[PDB]
Amino acid sequence: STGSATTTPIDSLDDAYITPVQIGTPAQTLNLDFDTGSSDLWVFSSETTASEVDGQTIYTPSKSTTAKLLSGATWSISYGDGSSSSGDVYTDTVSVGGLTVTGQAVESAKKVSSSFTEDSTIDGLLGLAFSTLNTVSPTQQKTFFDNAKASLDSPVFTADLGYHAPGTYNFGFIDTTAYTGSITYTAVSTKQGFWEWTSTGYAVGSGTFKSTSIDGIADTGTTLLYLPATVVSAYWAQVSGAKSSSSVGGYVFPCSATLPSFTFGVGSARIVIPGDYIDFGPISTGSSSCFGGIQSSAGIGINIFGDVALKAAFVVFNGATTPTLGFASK
């Protein structure tokens with residue numbers, strides 16, 4: 001089997017991407033944030049504290065003839081950005097782009113933190129990291145990909161995120177028309193439950209490539225590119241007037257600037273992030289100070305190849321017995 005679904009930016013900055021997901025019988029379609037950095041499929045629901053719902057579409061398990069309460073199971077998750085959610089668990093039928101999993105754990109939110117409430121466009125998350133990170137207790141549950149894998153034509157999914165445009169998540173096949181050149185595969189460590197890999201280096205604009213190992217995670221659920229302070233300083237030094245602002249919480253730059261590209265290495269291959277991808281717009285409405293899309297990972301504890309990086313590539317998440325990651329230009 002295979003599936004193919006369009007993923008759509010939530011706003012004009014590509015702050016996140018939403019993908020429609022069918023849950024239950026009859027189908028209830030919710031727009032979920034597919035997150036290769038976490039491993040819970042959780043939704044706003046009829047059980048979510050009413051004051052914490054503001055415009056989201058909810059899953060109502062009582063209206064699904066295939067929903068079953070997973071007795072005794074609870075979940076609770078906290079994300080790198082400080083947001084969180086928790087609740088109880090149903091199993092139900094879940095379909096993505098024509099690919100159907102029966103008995104998928106659907107984690108129903110009883111509580112969500114303010115940032116989730118405040119984002120009316122995201123109805124929940126669909127985790128695509130390794131199931132070892134799943135938070136369901138006392139019986140850990142499998143991700144949608146993990147459940148689908150054996151049925152797929154090939155045990156893979158691909159992320160093809162657009163810049164200011166829709167893109168695609170495919171399950172079970174590699175669309176050879178969706179990228180240019182070849183796909184370069186690179187080793188993955190699953191030791192921390194992430195799609196963790198080692199970039200071979202970077203360049204800033206038309207500058208020379210610096211060969212250096214940068215361990216980080218391929219994370220579709222993180223907006224920006226978070227890299228070591230040395231790398232980030234080298235990037236922003238090429239932008240007149242750019243500075244790290246403690247009050248804003250990262251590097252800012254004059255909105256009048258033309259940003260240089262940023263290249264990262266995948267083996268001997270190179271992925272080029274155009275400068276415009278690194279512009280996240282005014283820090284506050286009407287400001288001429290703009291927020292940068294490349295930020296320091298210092299104090300995160302891990303480097304993160306988030307959407308800024310991934311959207312410059314066609315990315316293969318290869319879930320074979322020994323997982324690997326593939327990157328192609330597009």
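- This entry lists X-ray crystallography as its structure determination method and reports a resolution of 1.2400 Å.

1. Considerations on the overall build of the chain
- Helices and strands together make up the secondary structure of the chain, namely 4 helices and 24 strands.
- What you see for the chain is a C-alpha radius of gyration of 20 Å, in line with the 20 Å of a compact globule of 330 residues.
- Counting only C-alpha atoms and orienting by the principal axes, one finds that the chain spans roughly 60 × 45 × 30 Å.
- Looking at the chain alone, contacts between residues at least 24 apart form 66% of all its contacts between residues at least 6 apart.

2. Some details on the domain arrangement of the chain
- By domain assignment, the chain separates into domain 1 (5-174) and domain 2 (175-330).
- Between the C-alpha centres of domain 1 and domain 2 the distance comes to 25 Å.
- Mapped by element, the contributors of at least two residues to the side of domain 1 that touches domain 2 are strand 3 (28-35), strand 9 (156-160) and strand 10 (167-171).
- Broken down by element, the side of domain 1 that touches domain 2 gets its largest block of residues, 5 residues, from strand 9.

3. Details of unusual backbone geometry
- In the segment running from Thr-25 into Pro-26, the intervening peptide bond is cis, with an omega of -10 degrees.
- For the bond from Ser-137 to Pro-138, the omega torsion is 5 degrees, close enough to zero to count as cis.
- For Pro-138, the location among the structural elements is in the loop between strand 8 (124-127) and helix 2 (144-148).
- Positive phi values are uncommon outside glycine, yet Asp-14 reaches one of about 60 degrees.
- With relative accessibility at 0%, the residue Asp-14 sits in the buried group.

4. Points about the UniProt feature "active site" in the chain
- UniProt tags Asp-35 and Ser-199 as "active site".
- Among the residues examined, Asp-35 registers a relative accessible area of 5% and is labelled buried.
- With sequence-adjacent residues up to four places away left out, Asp-35 is seen in contact with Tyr-79, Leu-125, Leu-126, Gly-127, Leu-128, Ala-129, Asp-219, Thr-220 and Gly-221.
- Separated by 2.6 Å, the side chains of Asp-35 and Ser-38 make a polar contact.
- For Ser-199, the contacting residues outside a window of four places in its chain are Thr-212, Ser-213, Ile-214, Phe-264, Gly-265 and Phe-305.

5. Points about the sheet that holds strand 16 (residues 250-254)
- A sheet is described by the order of its strands in space; here 4 strands give the open sequence 15-16-20-19, paired in antiparallel fashion. Every other strand in the sheet has two partners, leaving strand 15 (243-245) and strand 19 (279-282) as the edge strands with one partner each. In this sheet, neighbouring strand axes are inclined to one another by 40 degrees on average, regardless of whether the strands run parallel or antiparallel.
- In this sheet, strand 20 (residues 289-292) lies alongside strand 19 in antiparallel orientation, the contact comprising 2 bridges. Along strand 20, the bridge assignment pairs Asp-279 with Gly-292.

6. Remarks on the pairing of strand 13 (residues 210-218)
- In this sheet, strand 13 lies alongside strand 12 (residues 196-204) in antiparallel orientation, the contact comprising 6 bridges. The partner of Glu-196 across the bridge, within strand 13, is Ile-217.
- Between strand 12 and the antiparallel strand that follows it, strand 13, lie 5 residues; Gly-205 among them carries a positive phi value of about 55 degrees.
- In this sheet, strand 22 (residues 303-305) lies alongside strand 13 in parallel orientation, the contact comprising 3 bridges. Each residue of the ladder has a partner; that of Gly-216, found in strand 22, is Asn-303.

7. Brief notes about the state of the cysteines
- Across all of its chains, the model carries 1 disulfide by this definition.
- The disulfide partner of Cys-255 is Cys-290, and the gap between their sulfur atoms is 2.0 Å. Its torsion about the S-S bond being 110 degrees, the disulfide of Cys-255 and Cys-290 is classed as right-handed. In this pair, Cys-255 is assigned in the loop between strand 16 and strand 17 (262-266) and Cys-290 in strand 20, connecting sequence segments 35 residues apart.

About the thresholds
Residues numbered from 1 in each chain as written, not as in the entry; some residues may be left out. Heavy atoms only, no water. Residues with missing side-chain atoms left out of burial classes, pairs and counts. Helix = DSSP H or I, 4+ residues; strand = E, 2+ residues; numbered from the N terminus. Rg over C-alpha atoms; globule rule 2.2 N^0.38 Å. Contact = heavy atoms within 4.5 Å. Domains from an automatic or database assignment. Buried < 20%, exposed > 50% of the residue type's maximum accessible area, 1.4 Å probe, protein only. UniProt positions renumbered as here; feature names shortened; annotations may be inferred. Polar contact = N/O pair within 3.5 Å; in protein donor to acceptor, adjacent residues only side chain to side chain. Pairing = 2+ DSSP bridges. Axes fitted to C-alpha atoms, helices over the stretch in contact; angles between N-to-C directions. Disulfide = S-S within 2.5 Å.

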